[PDB]
file start.pdb (PDB, N, CA and C atoms)
MODEL        1
ATOM      1  N   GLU Q   1       0.845  -1.257   0.000  1.00  0.00           N
ATOM      2  CA  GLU Q   1       0.000   0.000   0.000  1.00  0.00           C
ATOM      3  C   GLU Q   1       0.881   1.310   0.000  1.00  0.00           C
ATOM      4  N   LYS Q   2       1.309   1.823  -1.192  1.00  0.00           N
ATOM      5  CA  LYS Q   2       2.132   3.074  -1.216  1.00  0.00           C
ATOM      6  C   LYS Q   2       1.228   4.395  -1.300  1.00  0.00           C
ATOM      7  N   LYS Q   3       1.606   5.382  -0.534  1.00  0.00           N
ATOM      8  CA  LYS Q   3       0.935   6.717  -0.637  1.00  0.00           C
ATOM      9  C   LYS Q   3       1.849   7.728  -1.258  1.00  0.00           C
ATOM     10  N   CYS Q   4       2.002   7.719  -2.570  1.00  0.00           N
ATOM     11  CA  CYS Q   4       2.951   8.672  -3.227  1.00  0.00           C
ATOM     12  C   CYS Q   4       2.556  10.162  -3.492  1.00  0.00           C
ATOM     13  N   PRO Q   5       3.247  11.164  -4.078  1.00  0.00           N
ATOM     14  CA  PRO Q   5       4.429  10.989  -4.935  1.00  0.00           C
ATOM     15  C   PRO Q   5       5.860  10.557  -4.397  1.00  0.00           C
ATOM     16  N   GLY Q   6       6.314  10.797  -3.119  1.00  0.00           N
ATOM     17  CA  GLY Q   6       7.664  10.386  -2.585  1.00  0.00           C
ATOM     18  C   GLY Q   6       7.434   9.542  -1.282  1.00  0.00           C
ATOM     19  N   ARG Q   7       7.544   8.217  -1.344  1.00  0.00           N
ATOM     20  CA  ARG Q   7       7.382   7.309  -0.164  1.00  0.00           C
ATOM     21  C   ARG Q   7       8.159   5.966  -0.306  1.00  0.00           C
ATOM     22  N   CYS Q   8       9.008   5.497   0.606  1.00  0.00           N
ATOM     23  CA  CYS Q   8       9.065   4.025   0.864  1.00  0.00           C
ATOM     24  C   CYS Q   8       8.752   3.519   2.342  1.00  0.00           C
ATOM     25  N   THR Q   9       9.083   4.304   3.362  1.00  0.00           N
ATOM     26  CA  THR Q   9       8.153   4.579   4.506  1.00  0.00           C
ATOM     27  C   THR Q   9       7.867   6.149   4.444  1.00  0.00           C
ATOM     28  N   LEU Q  10       8.889   6.950   4.772  1.00  0.00           N
ATOM     29  CA  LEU Q  10       8.862   8.411   4.502  1.00  0.00           C
ATOM     30  C   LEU Q  10       9.892   8.831   3.342  1.00  0.00           C
ATOM     31  N   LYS Q  11      10.517   9.999   3.368  1.00  0.00           N
ATOM     32  CA  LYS Q  11      11.393  10.537   2.282  1.00  0.00           C
ATOM     33  C   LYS Q  11      12.972  10.296   2.466  1.00  0.00           C
ATOM     34  N   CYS Q  12      13.862  10.629   1.507  1.00  0.00           N
ATOM     35  CA  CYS Q  12      15.257   9.972   1.224  1.00  0.00           C
ATOM     36  C   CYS Q  12      16.444  10.151   2.216  1.00  0.00           C
ATOM     37  N   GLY Q  13      17.556   9.502   1.986  1.00  0.00           N
ATOM     38  CA  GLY Q  13      18.762   9.671   2.834  1.00  0.00           C
ATOM     39  C   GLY Q  13      20.073   9.146   2.196  1.00  0.00           C
ATOM     40  N   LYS Q  14      20.413   7.877   2.392  1.00  0.00           N
ATOM     41  CA  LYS Q  14      21.686   7.267   1.876  1.00  0.00           C
ATOM     42  C   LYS Q  14      21.860   7.250   0.303  1.00  0.00           C
ATOM     43  N   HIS Q  15      21.439   6.136  -0.462  1.00  0.00           N
ATOM     44  CA  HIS Q  15      21.611   6.194  -1.965  1.00  0.00           C
ATOM     45  C   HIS Q  15      20.305   6.584  -2.692  1.00  0.00           C
ATOM     46  N   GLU Q  16      20.074   7.918  -2.934  1.00  0.00           N
ATOM     47  CA  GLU Q  16      18.610   8.423  -3.006  1.00  0.00           C
ATOM     48  C   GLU Q  16      17.884   8.057  -4.383  1.00  0.00           C
ATOM     49  N   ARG Q  17      16.845   7.179  -4.452  1.00  0.00           N
ATOM     50  CA  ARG Q  17      16.605   6.341  -5.671  1.00  0.00           C
ATOM     51  C   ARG Q  17      15.142   6.018  -6.004  1.00  0.00           C
ATOM     52  N   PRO Q  18      14.622   5.782  -7.312  1.00  0.00           N
ATOM     53  CA  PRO Q  18      13.222   5.248  -7.512  1.00  0.00           C
ATOM     54  C   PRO Q  18      12.933   3.706  -7.420  1.00  0.00           C
ATOM     55  N   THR Q  19      12.003   3.190  -6.599  1.00  0.00           N
ATOM     56  CA  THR Q  19      11.372   1.878  -6.864  1.00  0.00           C
ATOM     57  C   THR Q  19      12.197   0.642  -6.359  1.00  0.00           C
ATOM     58  N   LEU Q  20      13.499   0.694  -6.167  1.00  0.00           N
ATOM     59  CA  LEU Q  20      14.316  -0.453  -5.644  1.00  0.00           C
ATOM     60  C   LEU Q  20      14.285  -0.556  -4.011  1.00  0.00           C
ATOM     61  N   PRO Q  21      14.092  -1.774  -3.411  1.00  0.00           N
ATOM     62  CA  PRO Q  21      14.489  -1.922  -2.005  1.00  0.00           C
ATOM     63  C   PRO Q  21      16.011  -1.955  -1.809  1.00  0.00           C
ATOM     64  N   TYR Q  22      16.632  -0.879  -1.394  1.00  0.00           N
ATOM     65  CA  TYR Q  22      18.026  -0.544  -1.807  1.00  0.00           C
ATOM     66  C   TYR Q  22      19.007  -0.032  -0.695  1.00  0.00           C
ATOM     67  N   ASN Q  23      19.083   1.256  -0.480  1.00  0.00           N
ATOM     68  CA  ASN Q  23      20.216   1.965   0.213  1.00  0.00           C
ATOM     69  C   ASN Q  23      19.609   3.252   0.871  1.00  0.00           C
ATOM     70  N   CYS Q  24      19.021   4.125   0.022  1.00  0.00           N
ATOM     71  CA  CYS Q  24      17.707   4.830   0.507  1.00  0.00           C
ATOM     72  C   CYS Q  24      16.586   3.718   0.530  1.00  0.00           C
ATOM     73  N   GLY Q  25      15.211   3.972   0.418  1.00  0.00           N
ATOM     74  CA  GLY Q  25      14.193   3.059   1.015  1.00  0.00           C
ATOM     75  C   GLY Q  25      14.214   1.573   0.754  1.00  0.00           C
ATOM     76  N   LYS Q  26      14.374   0.730   1.752  1.00  0.00           N
ATOM     77  CA  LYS Q  26      14.224  -0.735   1.597  1.00  0.00           C
ATOM     78  C   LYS Q  26      12.764  -1.369   1.793  1.00  0.00           C
ATOM     79  N   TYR Q  27      11.758  -0.645   1.294  1.00  0.00           N
ATOM     80  CA  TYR Q  27      10.380  -0.741   1.878  1.00  0.00           C
ATOM     81  C   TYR Q  27       9.211  -0.725   0.800  1.00  0.00           C
ATOM     82  N   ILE Q  28       8.199   0.180   0.769  1.00  0.00           N
ATOM     83  CA  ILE Q  28       7.207   0.221  -0.412  1.00  0.00           C
ATOM     84  C   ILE Q  28       7.547   1.420  -1.485  1.00  0.00           C
ATOM     85  N   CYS Q  29       8.383   1.144  -2.503  1.00  0.00           N
ATOM     86  CA  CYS Q  29       9.160   2.329  -3.079  1.00  0.00           C
ATOM     87  C   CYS Q  29       8.664   3.203  -4.378  1.00  0.00           C
ATOM     88  N   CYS Q  30       8.194   4.388  -4.121  1.00  0.00           N
ATOM     89  CA  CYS Q  30       8.078   5.471  -5.070  1.00  0.00           C
ATOM     90  C   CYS Q  30       9.383   6.160  -5.432  1.00  0.00           C
ATOM     91  N   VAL Q  31       9.842   7.369  -4.938  1.00  0.00           N
ATOM     92  CA  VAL Q  31      11.107   8.027  -5.399  1.00  0.00           C
ATOM     93  C   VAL Q  31      11.907   8.942  -4.308  1.00  0.00           C
ATOM     94  N   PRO Q  32      11.222   9.790  -3.558  1.00  0.00           N
ATOM     95  CA  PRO Q  32      11.643  10.027  -2.139  1.00  0.00           C
ATOM     96  C   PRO Q  32      11.156   8.811  -1.252  1.00  0.00           C
ATOM     97  N   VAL Q  33      11.943   7.815  -1.469  1.00  0.00           N
ATOM     98  CA  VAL Q  33      12.009   6.535  -0.647  1.00  0.00           C
ATOM     99  C   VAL Q  33      12.729   6.768   0.786  1.00  0.00           C
ATOM    100  N   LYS Q  34      12.372   6.171   2.025  1.00  0.00           N
ATOM    101  CA  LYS Q  34      13.269   6.192   3.287  1.00  0.00           C
ATOM    102  C   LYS Q  34      14.770   5.671   3.222  1.00  0.00           C
ATOM    103  N   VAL Q  35      15.199   4.544   3.897  1.00  0.00           N
ATOM    104  CA  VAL Q  35      16.580   4.175   4.153  1.00  0.00           C
ATOM    105  C   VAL Q  35      16.822   2.624   3.989  1.00  0.00           C
ATOM    106  N   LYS Q  36      18.006   2.086   3.782  1.00  0.00           N
ATOM    107  CA  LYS Q  36      18.300   0.660   4.161  1.00  0.00           C
ATOM    108  C   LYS Q  36      18.291   0.285   5.728  1.00  0.00           C
TER     109      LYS Q  36
ENDMDL
END

call {"tool": "encode", "arguments": {"input": "start.pdb", "output": "structure tokens"}}
result
Amino acid sequence: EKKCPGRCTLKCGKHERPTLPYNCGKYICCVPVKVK
């Protein structure tokens, strides 16, 4: 359940990125994704 335009829990930090569970958001990913 994503609530976009910028969400993977909240907005970016480490490797700032769209759609991958990654480095910025490891979670439900739009583009201002959270963190690993």

call {"tool": "closest_residue", "arguments": {"input": "start.pdb", "among": "Q:23, Q:31, Q:36, Q:18", "to": "residue 5 of chain Q", "atoms": "only N, CA and C atoms"}}
result
Q:31

call {"tool": "residues_near_point", "arguments": {"input": "start.pdb", "point": "(7.3, 6.0, -1.6)", "cutoff": "7 Å", "atoms": "only N, CA and C atoms", "output": "list in words"}}
result
residues 2, 3, 4, 5, 6, 7, 8, 9, 10, 28, 29, 30, 31, 32, 33 and 34 of chain Q

call {"tool": "atom_distance", "arguments": {"input": "start.pdb", "atom1": "atom N of residue 1 of chain Q", "atom2": "atom C of residue 17 of chain Q"}}
result
17.1 Å

call {"tool": "atom_distance", "arguments": {"input": "start.pdb", "atom1": "atom CA of residue 14 of chain Q", "atom2": "atom C of residue 27 of chain Q"}}
result
14.9 Å

call {"tool": "axis_aligned_box", "arguments": {"input": "start.pdb", "around": "segment 9-20 of chain Q", "padding_each_side": "4 Å", "output": "lines of an AutoDock Vina configuration file"}}
result
center_x = 14.9
center_y = 5.0
center_z = -1.4
size_x = 22.0
size_y = 19.2
size_z = 20.3

call {"tool": "atom_distance", "arguments": {"input": "start.pdb", "atom1": "atom CA of residue 11 of chain Q", "atom2": "atom N of residue 25 of chain Q"}}
result
7.8 Å

call {"tool": "residues_around", "arguments": {"input": "start.pdb", "residues": "residue 26 of chain Q", "least_positions_apart": "4", "cutoff": "5 Å", "atoms": "all atoms listed in the file", "output": "list in words"}}
result
residues 21, 22, 35 and 36 of chain Q
